[PDB]
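Only heavy atoms go into these numbers, but all of them, side chains included; no hydrogens, no water, no symmetry mates. A, B, ... follow the sequence lines: proteins, then strands. Residue 1 opens every chain.
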Amino acid sequence: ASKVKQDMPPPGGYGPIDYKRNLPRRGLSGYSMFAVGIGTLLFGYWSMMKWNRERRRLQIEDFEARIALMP
Amino acid sequence: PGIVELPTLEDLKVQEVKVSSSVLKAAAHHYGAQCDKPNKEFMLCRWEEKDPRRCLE
């Protein structure tokens with residue numbers, strides 16, 4: 001005496017189902033990354049130049065200590 | 001071919017310097033500043049005679 005009951009889609013329909021590709025760009029420009037790399041290299045070069053000059057001075061100092069002790 | 005002449009053990013005696021290498025390294029700069037003259041005389045004798053037996057004094 002009841003209505004016919006069956007597995008049916010809801011009245012109206014279903015919400016949209018996405019199927020198309022989604023691969024967003026999400027990236028910097030090439031110039032930006034190249035510039036960051038070059039700037040990092042230059043900063044490292046300057047730091048290493050200072051440190052190596054100081055190291056050469058220290059080496060000279062301890063070499064002179066050896067020279068003083070040699071006789 | 002000849003006899004090698006060597007100084008006697010009494011000749012080789014001296015008041016030794018019994019301080020370690022760290023003490024010497026700590027003092028080295030002032031030591032080379034103050035005791036330059038005998039050290040340089042000894043080194044000149046050494047490099048001109050080419051014989052340790054001629055620069056004991």
>> Quick test of your reading: applying salt bridge (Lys or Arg N to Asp or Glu O under 4.0 Å), list the pairs with at least one residue in residues 31-41 of chain B, sequence neighbours left out, ordered by first then second residue.
In response: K37(B)-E41(B)
> Under 4.5 Å between side-chain heavy atoms, hopping through other hydrophobics if needed: is there a path connecting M8(A) to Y14(A)?
Replying inline: no
> Minimum heavy-atom separation for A68(A) to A28(B), with atom names?
Replying inline: CB-O, 3.3 Å
> Can you get from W47(B) to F42(B) by hopping between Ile, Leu, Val, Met, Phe, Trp and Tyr side chains that sit under 4.5 Å apart?
Replying inline: yes
>> If hydrophobic clusters are built by linking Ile, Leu, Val, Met, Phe, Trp and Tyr wherever their side-chain heavy atoms come under 4.5 Å apart, do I38(A) and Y31(A) end up in the same one?
In response: no
> Counting heavy atoms not belonging to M49(A), are there more than 12 under 6.0 Å from its CE?
Replying inline: yes
> What pair of heavy atoms forms the shortest contact from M70(A) to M43(B), and how long is it?
Replying inline: C-CE, 4.4 Å
> Roughly how far, to the nearest 0.5 Å, is the CG atom of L69(A) from the CG atom of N39(B)?
Replying inline: 9.5 Å
> Do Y31(B) and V17(B) belong to the same hydrophobic cluster, where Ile, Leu, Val, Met, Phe, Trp and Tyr are linked whenever their side-chain heavy atoms lie under 4.5 Å apart, directly or via other members?
Replying inline: yes
> Where along residues 50-63 of chain A does a heavy atom come under 4.5 Å of chain B, listed by residue number?
Replying inline: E61(A), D62(A)
> Under a single-linkage definition using a 4.5 Å side-chain heavy-atom cutoff for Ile, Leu, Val, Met, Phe, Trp and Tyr, are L56(B) and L6(B) assigned to the same hydrophobic cluster?
Replying inline: no
